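The structure appears right after this line, and notes come after that.
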Amino acid sequence: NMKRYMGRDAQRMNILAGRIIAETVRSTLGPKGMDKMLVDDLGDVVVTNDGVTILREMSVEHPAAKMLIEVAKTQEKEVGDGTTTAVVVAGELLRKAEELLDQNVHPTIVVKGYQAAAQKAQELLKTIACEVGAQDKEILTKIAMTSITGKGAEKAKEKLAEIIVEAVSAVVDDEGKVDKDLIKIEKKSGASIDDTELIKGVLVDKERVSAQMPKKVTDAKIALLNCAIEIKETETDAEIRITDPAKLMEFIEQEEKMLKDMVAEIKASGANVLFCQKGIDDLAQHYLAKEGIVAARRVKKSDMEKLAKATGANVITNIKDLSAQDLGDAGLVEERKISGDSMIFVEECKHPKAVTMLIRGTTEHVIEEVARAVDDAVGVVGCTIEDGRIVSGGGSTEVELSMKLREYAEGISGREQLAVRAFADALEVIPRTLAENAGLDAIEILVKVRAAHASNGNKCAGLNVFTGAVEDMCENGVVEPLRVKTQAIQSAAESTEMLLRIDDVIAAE
Amino acid sequence: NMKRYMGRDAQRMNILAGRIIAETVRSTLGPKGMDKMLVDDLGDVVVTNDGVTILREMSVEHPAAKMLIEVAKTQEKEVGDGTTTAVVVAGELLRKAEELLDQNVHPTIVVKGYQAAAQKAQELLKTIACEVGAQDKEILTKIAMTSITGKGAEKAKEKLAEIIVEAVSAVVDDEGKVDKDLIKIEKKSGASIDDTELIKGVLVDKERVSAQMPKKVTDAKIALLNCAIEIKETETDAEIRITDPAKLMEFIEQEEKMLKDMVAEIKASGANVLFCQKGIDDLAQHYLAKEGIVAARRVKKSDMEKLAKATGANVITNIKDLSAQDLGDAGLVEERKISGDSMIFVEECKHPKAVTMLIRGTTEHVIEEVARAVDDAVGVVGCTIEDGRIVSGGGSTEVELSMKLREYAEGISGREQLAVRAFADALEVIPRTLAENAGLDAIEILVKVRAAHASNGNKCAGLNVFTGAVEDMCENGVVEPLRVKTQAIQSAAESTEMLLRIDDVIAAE
Amino acid sequence: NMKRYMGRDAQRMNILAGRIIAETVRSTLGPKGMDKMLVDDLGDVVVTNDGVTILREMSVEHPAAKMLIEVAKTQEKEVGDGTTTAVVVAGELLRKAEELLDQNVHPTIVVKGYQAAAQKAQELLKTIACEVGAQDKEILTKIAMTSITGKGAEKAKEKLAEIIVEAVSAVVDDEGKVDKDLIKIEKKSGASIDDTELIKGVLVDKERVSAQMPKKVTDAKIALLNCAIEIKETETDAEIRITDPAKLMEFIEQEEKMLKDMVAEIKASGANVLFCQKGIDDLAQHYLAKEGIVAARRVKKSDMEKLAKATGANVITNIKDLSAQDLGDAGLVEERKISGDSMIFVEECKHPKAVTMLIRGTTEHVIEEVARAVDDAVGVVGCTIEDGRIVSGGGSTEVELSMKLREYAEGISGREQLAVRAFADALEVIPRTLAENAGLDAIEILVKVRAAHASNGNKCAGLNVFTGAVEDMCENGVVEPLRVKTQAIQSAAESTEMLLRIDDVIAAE
Ligand SMILES: Nc1ncnc2c1ncn2[C@@H]1O[C@H](COP(=O)(O)OP(=O)(O)NP(=O)(O)O)[C@@H](O)[C@H]1O
Ligand SMILES: Nc1ncnc2c1ncn2[C@@H]1O[C@H](COP(=O)(O)OP(=O)(O)NP(=O)(O)O)[C@@H](O)[C@H]1O
Ligand SMILES: Nc1ncnc2c1ncn2[C@@H]1O[C@H](COP(=O)(O)OP(=O)(O)NP(=O)(O)O)[C@@H](O)[C@H]1O
Ligand SMILES: [Mg+2]
Ligand SMILES: [Mg+2]
Ligand SMILES: [Mg+2]
């Protein structure tokens with residue numbers, strides 16, 4: 001009871017399971033790579049080139065495969081881009097590993113050399129990484145442009161990269177990190193892809209609470225309330241008792257006087273637009289509309305935190321302590337009807353720490369894929385602002401890193417040496433699969449790039465899938481954050497070091 | 001409808017199916033190899049080290065595997081020994097092939113280099129094969145001794161090899177081939193393995209037709225009859241009519257006078273032992289016994305052909321034309337009770353062209369495996385008598401053949417060159433798996449043997465699984481017929497060249 | 001009841017079914033094409049590059065597909081080679097046809113232009129076919145060599161083509177056709193592919209009827225008997241009656257005297273080897289062996305007709321009329337044990353009209369594919385002897401025929417003109433798919449070959465899959481019988497003209 005694979009069977013069972021889900025994303029890799037169509041049990045379809053979203057949203061049951069998906073799952077988590085490359089490298093480390101295991105090289109020697117090599121790979125990547133200033137907009141734009149390409153050249157429009165760089169640059173909390181959650185991504189239809197705009201504001205999925213209120217306010221002062229604009233019932237249970245018929249109107253007029261007071265306290269701060277997180281009582285909607293104050297009820301807790309950071313307001317839980325300095329400032333607050341639905345556009349803000357990317361396109365599935373292309377572009381721009389180190393793309397720093405590990409291996413005595421050469425040769429899978437998907441001769445090209453790296457220059461030389469020939473990738477404008485490669489290598493090395501240590505499997509049910 | 005594997009899937013489906021049944025026999029290879037126990041649906045068990053009998057008598061259903069079994073199945077057919085080596089080489093050619101297919105090397109280029117290399121391998125084996133005289137008994141005994149070992153050192157007893165060489169030497173039809181079917185293998189119990197004897201005669205599974213007949217005849221003259229010693233009924237339908245009561249005894253006495261005549265015609269030739277293929281009439285058994293002539297009825301057609309070639313008789317279909325010169329001559333014809341059953345031992349013949357190997361042992365499954373070790377020993381001795389060329393064993397001519405193919409590959413321009421190096425490296429699987437099964441370090445040993453082959457000497461240097469260190473295999477006495485290696489390589493090369501050409505599979509039901 | 005497809009659905013149902021089995025063989029086409037592995041319900045596997053054997057032995061159920069298989073099935077029937085090209089052309093005529101049907105071109109107009117174009121294609125092929133002498137052995141050898149290639153360059157060995165040409169040249173019945181059934185193809189194991197020999201004789205699957213008979217006869221005179229060498233029982237029912245006891249021996253001795261007479265009548269002709277179609281009586285086997293006459297009983301009726309044409313004998317049904325001039329003459333008749341089984345080799349004949357091709361190889365599936373390569377080579381050599389006209393290969397006469405039909409289309413007014421241009425463009429599928437399977441750029445190459453055909457030269461210019469560039473195919477030695485192309489085009493044109501006329505389908509069950 002119940003199923004057990006022994007030694008050479010358990011090792012080949014896993015290595016194969018890893019190689020086989022690594023081959024599932026191989027064809028997506030590069031600008032000349034292809035998309036996959038995934039359907040589930042409900043008939044819901046999603047078409048994408050994003051490696052991790054393919055692996056995450058497909059039913060994988062083999063335990064060794066589930067564990068190599070973790071590599072892509074934590075690559076989007078730490079970087080944003082490079083999910084397909086991390087898995088493909090992990091796959092080719094497994095292939096190159098069984099060639100040693102079939103030559104009787106003990107798994108502990110393989111894993112020893114694999115780790116000695118991934119250590120060297122990290123400290124070799126630090127020396128070959130160009131140093132770049134966190135505000136070099138022309139270089140950040142190339143980094144954003146190289147990320148959108150790879151999902152395809154047609155998605156990579158110039159004006160979209162400039163928009164992305166300007167949005168990531170805005171949400172930087174001095175000093176000095178980039179929060180990916182601060183850039184709100186909204187997906188609406190329209191005849192677009194080119195109509196995707198950067199909104200320096202927030203988009204709230206709510207309408208004006210009363211129709212009598214204005215629908216367009218310019219240079220508006222915005223107040224944010226966590227308090228409920230209703231009657232304040234006491235915590236210790238309370239009940240009123242009326243014995244005089246003339247006391248009826250007393251309590252009602254006193255209660256509705258508490259609502260007149262609250263609306264008059266909001267006008268005292270000078271605020272003409274109001275976003276309440278809790279509910280607003282019906283009488284108070286009438287008094288607000290009479291004052292000319294645009295208000296919205298039951299706004300999401302997450303949208304209140306967006307508005308607060310974007311306009312420059314404060315979330316106040318006590319309407320009595322609403323000061324005039326706790327109001328935010330936005331150049332336009334308007335209720336538009338975009339794509340059928342009506343929403344409140346709070347835009348044109350002065351100094352935003354939160355920003356909305358309105359991603360638009362013709363069909364919902366087109367929109368959803370451009371959205372995934374921006375999540376990747378935001379990830380790499382954020383990584384260059386934090387790290388300040390970039391490397392050349394097009395499989396260029398893999399060839400350079402490959403040849404430097406091979407001459408590092410010559411200086412290693414022992415059979416661990418074979419595992420370091422194996423590791424080096426595995427890295428060359430990125431330049432090779434860029435060529436396969438391009439249509440070009442992978443074997444031939446890999447030799448021209450390898451020979452154009454020997455001695456001194458170039459280091460920045462790699463395959464250009466559009467030109468066909470081997471070009472200088474730095475002068476071309478093909479660049480990635482250092483974190484894309486160091487993470488992809490480390491996570492591929494650590495997960496395959498673990499699978500290789502397995503010699504027995506025990507599967508139930 | 002119904003199941004189809006495309007391109008990279010179909011190629012990996014087959015290659016894997018071939019590698020996996022090649023790994024099923026890997027552990028049997030060598031003197032330090034292990035046996036397999038095979039059970040079927042009926043509960044009938046057979047334990048063996050013979051590669052082909054393992055592959056033949058196990059339920060293999062994968063079409064690509066069925067086709068690599070053909071390699072073992074036609075190795076026993078053409079050589080007798082080397083069935084495991086042929087499959088293991090074919091397996092390692094498949095492994096080394098997907099390493100090229102995963103680097104995008106077109107299958108047509110792989111198969112081109114594989115064939116160019118197997119051509120060279122054949123004409124390189126001709127030069128390194130020592131020339132040996134078809135009757136060099138001390139060398140033929142070494143060739144028989146090297147074959148029995150490998151099924152295990154304990155089976156390889158000195159006196160058994162000498163017996164086998166003397167039996168194969170006897171059945172050689174001048175000029176000048178060896179028929180494996182002329183050496184009759186019989187399996188009887190007893191407390192043995194050491195009681196296996198060479199019988200210069202035939203063992204007939206019959207008894208004396210009448211108990212009154214002698215049970216031991218020395219220097220007997222043997223007559224062989226294809227004719228039935230009964231009354232000859234005419235082909236055109238005949239019937240007798242009796243009208244006189246005195247005519248009853250006439251026909252009966254006349255009919256039994258035809259049987260007296262037939263027995264008197266056999267005694268006229270001088271024959272005192274008689275083997276009839278058809279039936280012998282009851283009256284004629286009595287007259288034969290009265291003359292002292294030992295006879296046996298309904299002897300198998302195959303046993304008549306054995307007796308004819310062994311004693312030097314002629315199979316006569318007409319009892320009237322039984323000359324005195326058509327009798328065979330054997331030194332002892334006796335009815336013994338060996339292992340419970342009683343049989344006629346026709347032994348001690350002068351000049352036999354047929355011979356019986358009485359293989360004996362304690363249990364039926366022990367006997368059956370010693371029988372398989374003799375079928376192999378008879379195969380290789382027969383191959384040395386026909387070919388007259390031998391090579392050194394212990395993975396010695398694989399290392400030599402490997403290093404010569406590698407320097408032949410340097411003289412090849414093109415990507416076919418990678419397939420020739422692959423082919424060379426595949427051959428080193430025999431020295432390597434000899435070391436695995438021995439317990440020794442396969443990687444280390446393979447280097448000492450490879451380095452002891454460079455320059456001039458030795459060529460005859462290989463791994464000695466008993467010594468541990470690399471020894472000169474020719475001086476040790478470890479030698480195989482050239483045909484064991486040239487066949488194993490050619491059949492491994494032709495079958496894997498065919499699987500590699502497959503890119504689509506269509507499996508029904 | 002039950003399933004009916006209307007108009008545009010029925011037309012697309014069929015065209016698709018035809019395009020889809022045409023794509024099933026597309027990858028086999030050319031020397032750089034790949035093999036298929038076919039498995040059935042019983043687990044029996046066959047691996048082949050032969051187009052028709054793929055289509056024949058796979059379960060195809062779609063009626064429109066079954067009808068396009070007829071095209072390959074009658075291409076082997078009339079030519080032997082070109083089965084894949086005929087189907088692939090038929091497929092591309094269907095593809096090019098729906099492009100017209102989707103532009104509203106009536107099916108009757110399509111089929112009109114298709115037929116006007118296939119007429120022109122036939123009379124254009126007559127002018128571009130080189131005239132070749134039926135005994136130009138160097139040209140016949142190139143034709144045999146071009147046929148074996150395409151199933152793969154590795155099968156195409158020089159010495160095998162010379163053997164094939166010599167065998168087809170031998171069986172020519174003056175004047176002056178070639179019967180494919182006169183060249184007997186036999187498949188036996190061995191370590192071969194190179195051990196395939198031409199036997200100027202017949203190989204009979206029988207043994208010597210008596211072991212006492214010789215096993216090797218040189219310059220033997222062979223008698224062939226359709227008569228049974230037994231006692232002749234009368235047709236009108238007969239029965240013998242014996243009343244005298246001395247009459248018993250009378251009839252037996254008289255009956256066996258009829259057998260002594262028959263054997264003495266065969267020795268009278270001077271024949272020392274005998275092949276009987278019926279049975280031979282046991283007494284008569286003894287008398288034959290005593291005379292030294294090698295005989296074989298119950299020889300197949302088909303093998304008797306082989307021997308008769310090969311040795312130069314006559315099949316005699318009356319043993320009394322066996323003249324001395326009715327004996328055949330063969331240089332060697334021997335009973336060998338080839339591949340385990342023992343057979344009678346009747347070889348080295350003087351003037352054979354029947355010939356045996358002993359096709360040998362290492363595994364049964366390797367043998368069976370080389371056998372299919374020879375059936376194709378025999379087909380094309382036979383077509384060149386009969387026709388005396390050949391064309392250039394490598395998709396060369398398709399490009400030339402394509403460009404000549406396109407300028408013939410300009411001289412056609414009406415919408416039928418669109419179907420003639422469609423037909424011309426469909427022919428370019430052979431040069432294009434030769435390039436796809438080679439790996440080369442199909443679009444680019446097709447332009448270099450098309451441009452190297454314009455004006456005068458070359459006409460014999462086409463793609464060389466080994467060189468890569470466009471070469472002169474006549475000087476290279478790449479040539480096909482005219483019948484391969486004219487048959488492939490006619491059968492593709494007639495079957496797709498019929499499918500295109502279908503507008504309604506009625507499928508039951
Ligand atoms: N114009 C270009 N020329 C050559 N290589 C390029 C170009 N643009 C991008 N690349 C390279 O292509 C790879 C990116 O391919 P892509 O298919 O997007 O996969 P990924 O980024 O690894 N994963 P993911 O985008 O998360 O699905 C990187 O190695 C880039 O350096
Ligand atoms: N004393 C020895 N030392 C080293 N190698 C040996 C020795 N005896 C035999 N061999 C080698 O061991 C191999 C034979 O091993 P074995 O396990 O019998 O398989 P096989 O002969 O390939 N097939 P089979 O015997 O038909 O099951 C050959 O390559 C021999 O040359
Ligand atoms: N050396 C060569 N160079 C270029 N073309 C060649 C060469 N040899 C053969 N051909 C062409 O390749 C085609 C034959 O390919 P092949 O794959 O054998 O299919 P087929 O002959 O159409 N059918 P079949 O052989 O019956 O399976 C013909 O059009 C040949 O003229
Ligand atoms: Mg990307
Ligand atoms: Mg052996
Ligand atoms: Mg052909």
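Residue numbers start at 1 in each chain; chains themselves are named A, B, ... in the order of the structure tokens; ligands are numbered from 1 in the order shown.
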Interface rows for chain C against ligand 3: nearest pair, Å to one decimal, 6 Å, only C-alpha atoms and all ligand atoms, as CSV:
```
residue,atom,partner,partner_atom_place_in_ligand_line,distance
C:28,CA,ligand 3,17 (O),4.8
C:29,CA,ligand 3,17 (O),3.2
C:30,CA,ligand 3,15 (O),3.4
C:31,CA,ligand 3,8 (N),5.5
C:33,CA,ligand 3,17 (O),5.8
C:49,CA,ligand 3,27 (O),5.3
C:50,CA,ligand 3,27 (O),3.4
C:51,CA,ligand 3,27 (O),4.1
C:81,CA,ligand 3,26 (O),4.3
C:82,CA,ligand 3,22 (O),3.8
C:83,CA,ligand 3,26 (O),4.2
C:84,CA,ligand 3,23 (N),4.0
C:85,CA,ligand 3,22 (O),4.0
C:146,CA,ligand 3,8 (N),4.9
C:149,CA,ligand 3,8 (N),4.8
C:150,CA,ligand 3,18 (O),3.2
C:151,CA,ligand 3,18 (O),4.6
C:393,CA,ligand 3,31 (O),3.4
C:394,CA,ligand 3,5 (N),3.4
C:395,CA,ligand 3,29 (O),5.5
C:463,CA,ligand 3,4 (C),5.9
C:464,CA,ligand 3,3 (N),4.5
C:465,CA,ligand 3,3 (N),5.1
```
Would you save the residues of that selection, restricted to C-alpha atoms, as a JSON list (two decimals), in the first residue's frame?
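Writing the result to again-v5.json gives the following:
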```
[["chain", "number", "residue", "atom", "x", "y", "z"],
["C", 28, "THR", "CA", 7.16, 10.97, -45.48],
["C", 29, "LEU", "CA", 7.81, 12.75, -48.74],
["C", 30, "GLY", "CA", 11.38, 13.03, -49.87],
["C", 31, "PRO", "CA", 14.73, 11.60, -48.75],
["C", 33, "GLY", "CA", 11.08, 12.57, -44.86],
["C", 49, "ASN", "CA", 7.75, 5.33, -45.28],
["C", 50, "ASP", "CA", 5.65, 3.77, -48.10],
["C", 51, "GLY", "CA", 2.62, 6.00, -48.52],
["C", 81, "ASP", "CA", 6.38, 4.27, -56.64],
["C", 82, "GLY", "CA", 4.80, 7.73, -56.32],
["C", 83, "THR", "CA", 2.02, 6.74, -53.92],
["C", 84, "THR", "CA", 2.68, 9.62, -51.54],
["C", 85, "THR", "CA", 2.97, 12.27, -54.31],
["C", 146, "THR", "CA", 16.30, 7.65, -57.07],
["C", 149, "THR", "CA", 16.19, 7.29, -51.88],
["C", 150, "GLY", "CA", 13.03, 8.99, -50.65],
["C", 151, "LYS", "CA", 12.52, 6.04, -48.38],
["C", 393, "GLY", "CA", 12.99, 14.49, -59.97],
["C", 394, "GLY", "CA", 13.25, 16.69, -56.88],
["C", 395, "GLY", "CA", 10.05, 18.49, -57.73],
["C", 463, "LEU", "CA", 15.89, 21.40, -55.12],
["C", 464, "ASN", "CA", 18.67, 19.15, -53.85],
["C", 465, "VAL", "CA", 17.84, 18.36, -50.22]]
```
Exercise: residue 155 in chain C partners within 8 Å, only C-alpha atoms, chain neighbours under 6 positions left out, as an mmCIF file with N, CA, C and O atoms, in the first residue's frame:
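And here is the file that came out, around-v2.cif:
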```
data_model
loop_
_atom_site.group_PDB
_atom_site.id
_atom_site.type_symbol
_atom_site.label_atom_id
_atom_site.label_comp_id
_atom_site.auth_asym_id
_atom_site.auth_seq_id
_atom_site.Cartn_x
_atom_site.Cartn_y
_atom_site.Cartn_z
ATOM 1 N N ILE C 148 14.918 4.262 -54.373
ATOM 2 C CA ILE C 148 15.291 3.791 -53.039
ATOM 3 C C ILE C 148 15.507 4.976 -52.112
ATOM 4 O O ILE C 148 15.096 4.949 -50.953
ATOM 5 N N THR C 149 16.156 6.022 -52.614
ATOM 6 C CA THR C 149 16.194 7.288 -51.883
ATOM 7 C C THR C 149 14.771 7.844 -51.868
ATOM 8 O O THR C 149 14.005 7.622 -52.799
ATOM 9 N N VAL C 370 13.060 -2.696 -46.182
ATOM 10 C CA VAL C 370 13.944 -2.797 -47.332
ATOM 11 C C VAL C 370 13.234 -3.548 -48.455
ATOM 12 O O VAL C 370 13.492 -3.303 -49.643
ATOM 13 N N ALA C 373 11.216 -1.158 -50.254
ATOM 14 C CA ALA C 373 12.054 -0.241 -51.049
ATOM 15 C C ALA C 373 12.429 -0.854 -52.389
ATOM 16 O O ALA C 373 12.701 -0.140 -53.347
#
```
Please identify all residues of chain C having at least one atom at most 12 Å from any atom of chain A, considering only C-alpha atoms, and return them as number ranges by chain. C: 439-441
Output file for the residues above (N, CA and C atoms, as a PDB file, in the first residue's frame):
```pdb
ATOM      1  N   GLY C 439      13.938  20.808 -43.895  1.00  0.00           N
ATOM      2  CA  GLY C 439      14.229  21.839 -42.921  1.00  0.00           C
ATOM      3  C   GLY C 439      14.388  23.202 -43.566  1.00  0.00           C
ATOM      4  N   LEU C 440      14.631  23.212 -44.872  1.00  0.00           N
ATOM      5  CA  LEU C 440      14.930  24.447 -45.596  1.00  0.00           C
ATOM      6  C   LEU C 440      13.726  25.384 -45.724  1.00  0.00           C
ATOM      7  N   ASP C 441      13.958  26.616 -46.165  1.00  0.00           N
ATOM      8  CA  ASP C 441      12.864  27.585 -46.277  1.00  0.00           C
ATOM      9  C   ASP C 441      12.053  27.328 -47.532  1.00  0.00           C
TER      10      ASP C 441
END
```
I'd like the contact shell of residue 432 in chain B - 12 Å cut-off, only C-alpha atoms, skipping same-chain residues fewer than 6 positions apart - returned as a VMD selection string. (chain A and resid 102 to 104) or (chain B and resid 26 to 27 29 to 30 85 88 to 89 92 394 to 396 398 to 399 425 to 426 438 to 450 462 to 463 465)
Resulting file, chosen residues, C-alpha atoms, as an mmCIF file, in the first residue's frame:
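So selection-v2.cif came out as:
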```cif
data_model
loop_
_atom_site.group_PDB
_atom_site.id
_atom_site.type_symbol
_atom_site.label_atom_id
_atom_site.label_comp_id
_atom_site.auth_asym_id
_atom_site.auth_seq_id
_atom_site.Cartn_x
_atom_site.Cartn_y
_atom_site.Cartn_z
ATOM 1 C CA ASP A 102 23.094 7.347 -15.869
ATOM 2 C CA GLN A 103 26.895 7.524 -15.790
ATOM 3 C CA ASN A 104 26.708 6.453 -12.135
ATOM 4 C CA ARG B 26 21.159 -4.502 -17.645
ATOM 5 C CA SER B 27 21.651 -6.250 -14.291
ATOM 6 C CA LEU B 29 25.328 -8.544 -17.783
ATOM 7 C CA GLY B 30 28.641 -9.974 -16.740
ATOM 8 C CA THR B 85 24.914 -6.880 -24.954
ATOM 9 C CA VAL B 88 22.001 -2.784 -23.921
ATOM 10 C CA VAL B 89 23.961 -1.172 -26.777
ATOM 11 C CA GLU B 92 22.423 3.423 -24.980
ATOM 12 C CA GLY B 394 35.486 -7.876 -20.619
ATOM 13 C CA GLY B 395 34.369 -4.793 -22.517
ATOM 14 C CA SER B 396 37.848 -4.622 -24.007
ATOM 15 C CA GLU B 398 34.297 -1.832 -26.952
ATOM 16 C CA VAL B 399 36.766 0.603 -25.380
ATOM 17 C CA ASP B 425 30.229 6.947 -26.465
ATOM 18 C CA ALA B 426 27.298 4.527 -26.535
ATOM 19 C CA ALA B 438 30.549 -6.013 -10.103
ATOM 20 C CA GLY B 439 30.159 -3.312 -7.434
ATOM 21 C CA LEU B 440 33.252 -1.419 -8.602
ATOM 22 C CA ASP B 441 33.429 2.271 -9.486
ATOM 23 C CA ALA B 442 32.215 2.445 -13.065
ATOM 24 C CA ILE B 443 33.417 5.964 -13.766
ATOM 25 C CA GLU B 444 36.923 5.511 -12.387
ATOM 26 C CA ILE B 445 37.500 2.147 -14.041
ATOM 27 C CA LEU B 446 36.309 3.383 -17.419
ATOM 28 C CA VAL B 447 39.075 5.981 -17.260
ATOM 29 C CA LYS B 448 41.870 3.568 -16.374
ATOM 30 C CA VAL B 449 40.878 1.291 -19.229
ATOM 31 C CA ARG B 450 40.522 4.162 -21.659
ATOM 32 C CA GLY B 462 39.848 -4.551 -20.012
ATOM 33 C CA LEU B 463 38.192 -4.891 -16.635
ATOM 34 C CA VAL B 465 35.569 -8.319 -12.359
#
```
Show which residues sit within 12 Å of residue 44 in chain A, as a list in words. Count only C-alpha atoms, and ignore same-chain residues fewer than 5 positions away. residues 37, 38, 39, 57 and 365 of chain A
Selection to disk with C-alpha atoms, as a compact mmCIF listing (two decimals), in the first residue's frame:
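The result, stored in again01.txt:
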```
# COMPACT_ATOMS: atom_id res chain seq x y z
CA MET A 37 -5.31 28.46 -24.85
CA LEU A 38 -6.47 27.08 -21.53
CA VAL A 39 -9.99 25.77 -20.92
CA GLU A 57 -4.26 27.64 -13.95
CA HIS A 365 -9.66 38.46 -23.46
```
Name the residues of range 86-309 of chain C that fall into strand (DSSP E) according to DSSP on the backbone, using the chain letters and numbers of this document, as a ChimeraX atom specification. /C:130-131,172-173,177-178,183-188,197-199,202-204,216-225,240-242,273-276,294-296
As JSON, numbers by chain, please: every residue in range 106-225 of chain B that DSSP puts in helix (DSSP H, G or I). {"B": [107, 108, 109, 110, 111, 112, 113, 114, 115, 116, 117, 118, 119, 120, 121, 122, 123, 124, 125, 126, 127, 137, 138, 139, 140, 141, 142, 143, 144, 145, 146, 147, 148, 158, 159, 160, 161, 162, 163, 164, 165, 166, 167, 168, 169, 170, 180, 181, 182]}
For a quick check of understanding, using only C-alpha atoms, which of C:344, C:482, C:473, C:191 has the smallest distance to residue 131 in chain C? C:482
Find the spatial neighbours of range 212-225 of chain B, counting only C-alpha atoms, within a cut-off of 8 Å - ignore same-chain residues fewer than 6 positions away - and output them as a compact mmCIF listing (two decimals) with C-alpha atoms, in the first residue's frame.
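Below is the file that was written, out22.txt:
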```
# COMPACT_ATOMS: atom_id res chain seq x y z
CA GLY B 270 23.58 -59.31 -39.90
CA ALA B 271 21.80 -56.66 -37.85
CA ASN B 272 21.10 -57.43 -34.19
CA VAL B 273 19.46 -54.11 -33.25
CA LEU B 274 16.53 -52.53 -35.08
CA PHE B 275 14.86 -49.14 -35.01
CA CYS B 276 11.58 -48.91 -36.87
CA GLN B 277 9.89 -45.61 -37.65
CA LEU B 288 12.56 -60.89 -33.86
CA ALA B 289 12.86 -61.83 -30.19
CA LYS B 290 13.42 -65.46 -31.16
CA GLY B 292 17.82 -62.23 -30.60
CA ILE B 293 17.26 -58.95 -32.43
CA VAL B 294 16.50 -55.93 -30.20
CA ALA B 295 13.82 -53.78 -31.86
CA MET B 304 15.66 -41.72 -36.94
CA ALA B 308 21.32 -42.38 -39.06
CA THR B 311 25.88 -44.69 -36.04
CA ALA B 313 23.29 -46.25 -41.04
CA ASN B 314 20.78 -45.64 -43.81
CA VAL B 315 17.05 -45.14 -43.52
CA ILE B 316 15.63 -47.90 -45.72
CA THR B 317 12.02 -47.79 -46.86
CA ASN B 318 12.01 -51.24 -48.50
CA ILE B 319 12.76 -54.25 -46.33
CA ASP B 326 23.25 -50.18 -44.80
CA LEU B 327 23.78 -51.02 -41.13
CA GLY B 328 25.22 -48.58 -38.63
CA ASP B 329 27.76 -49.34 -35.94
CA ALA B 330 27.67 -48.40 -32.25
CA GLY B 331 29.76 -49.82 -29.41
CA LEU B 332 26.92 -50.14 -26.92
CA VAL B 333 23.13 -50.24 -27.26
CA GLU B 334 21.48 -50.66 -23.86
CA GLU B 335 18.13 -50.08 -22.22
```
Give me the residues within 10 Å of range 9-22 of chain B as a count of residues only, counting only C-alpha atoms and dropping any in the same chain fewer than 4 places off. 42
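Taking CA of residue 45 in chain C and CA of residue 79 in chain B as endpoints, the distance between them is 25.6 Å.
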Just give me the gap between CA of residue 413 in chain C and CA of residue 105 in chain C in Å, one decimal is fine. 14.7 Å
For residue 232 in chain C, please output as a ChimeraX atom specification all residues within 12 Å (counting only C-alpha atoms; exclusion window: fewer than 3 positions along the same chain). /B:234-237 /C:227-229,235-236,238,255-256,258-259,262,280-281,318-319
Preceding selection exported with C-alpha atoms as a short mmCIF file (atom, residue, chain, number, x, y, z; two decimals), in the first residue's frame:
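Saved result, result_13.cif, follows:
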```
data_model
loop_
_atom_site.label_atom_id
_atom_site.label_comp_id
_atom_site.auth_asym_id
_atom_site.auth_seq_id
_atom_site.Cartn_x
_atom_site.Cartn_y
_atom_site.Cartn_z
CA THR B 234 -2.56 -53.14 -51.66
CA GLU B 235 -3.39 -49.52 -52.58
CA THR B 236 -6.13 -50.48 -55.04
CA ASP B 237 -8.79 -51.82 -52.62
CA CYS C 227 1.70 -36.12 -61.83
CA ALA C 228 1.60 -38.01 -58.54
CA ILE C 229 4.33 -40.68 -58.21
CA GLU C 235 -11.75 -43.46 -61.95
CA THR C 236 -14.56 -46.03 -62.39
CA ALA C 238 -12.44 -50.84 -58.77
CA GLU C 255 1.90 -52.75 -57.44
CA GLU C 256 5.43 -52.03 -56.25
CA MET C 258 4.62 -50.01 -61.04
CA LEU C 259 6.60 -47.76 -58.76
CA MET C 262 8.05 -44.95 -62.74
CA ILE C 280 5.34 -39.26 -53.79
CA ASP C 281 4.72 -42.80 -52.48
CA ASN C 318 2.18 -37.85 -67.52
CA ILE C 319 5.25 -39.67 -66.29
#
```
